[PDB]
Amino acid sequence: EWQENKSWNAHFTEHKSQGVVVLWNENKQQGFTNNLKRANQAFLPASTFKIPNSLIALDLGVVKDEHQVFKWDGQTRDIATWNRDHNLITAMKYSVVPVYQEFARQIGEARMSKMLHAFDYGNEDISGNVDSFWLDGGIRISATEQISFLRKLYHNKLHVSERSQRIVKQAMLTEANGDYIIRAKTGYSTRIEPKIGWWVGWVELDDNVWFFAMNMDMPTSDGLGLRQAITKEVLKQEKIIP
């Protein structure tokens, strides 16, 4: 069911880094990873948490639809793309933390905790501040647990409406061409050691789906582009994409 290929470590070590990629072949119900231990180690989700947060906000009506405009609060932040209005699509695309912090305040602790438990999401622990627990609170999730959660979303099996799941999967759209579609979300965790980058999602093909979850050490922001680059290089190696 699970196979470890330690030769894939080269994708990380050649960049003087360390990490894990986890792949799941949906048709064959088989998983692959370079590091079984790290595949099951739980890290802060950071901005990959925008997937469940979006689902919960939509299903409770905190967010009406993917067109609703969330106005900039007028506080200048150091990420230029955050200093403007957003909807759910652009907020996901540019990982706009302060929009999602307001979602969480409106969701509230009680409803947030119940929904993460319904989702079987990570350790289901929201200890910390309700507007930042996914950045520096007690919540943790592993790469294998990310895949488990994403598969439920793909099949519309999470305990929210089908509409909420279709909208979030639209907002996860990252890349599409004549060969494949990638729906995914990046993450960057810096407030608690070890600092890591995430990329989780799936690749749609004509006749199969491949789910993926990766994290890697990220001592500086200079390596963030390696999250997608390494993942796609593994996918090309395994001939999942050309």
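In this text, the rigid core denotes the largest set of C-alpha atoms whose superposition between the two forms falls within 1.5 Å. Residues carry their position along the shown sequence, with the first being 1.
Superposing each structure in 7 other deposited structures of this protein on the rigid core shows that the farther-lying of 218-226 and 7-15, by root-mean-square Cα distance, is 7-15. Comparing 167-175 with 112-120, the higher mean C-alpha B-factor in the PDB entry belongs to 112-120. As the entry records it, the average C-alpha temperature factor is higher for 9-17, out of 9-17 and 215-223. Residue-level inspection of the entry shows that, of 93, 159, 86, 155, 159 has the top Cα B-factor. Residue 209 sits in the middle third of its chain by CA B factor, as recorded in the PDB entry. In the PDB entry, residue 61 places in the highest third of its chain by CA B-factor. In the deposited entry, the Cα temperature factor of residue 107 places it in the middle third of its chain's modelled residues. Ranked within its chain, residue 23 lands in the lowest third, by CA B factor from the PDB record.
For residue 45, the recorded CA temperature factor ranks within the middle third of the chain's modelled residues.
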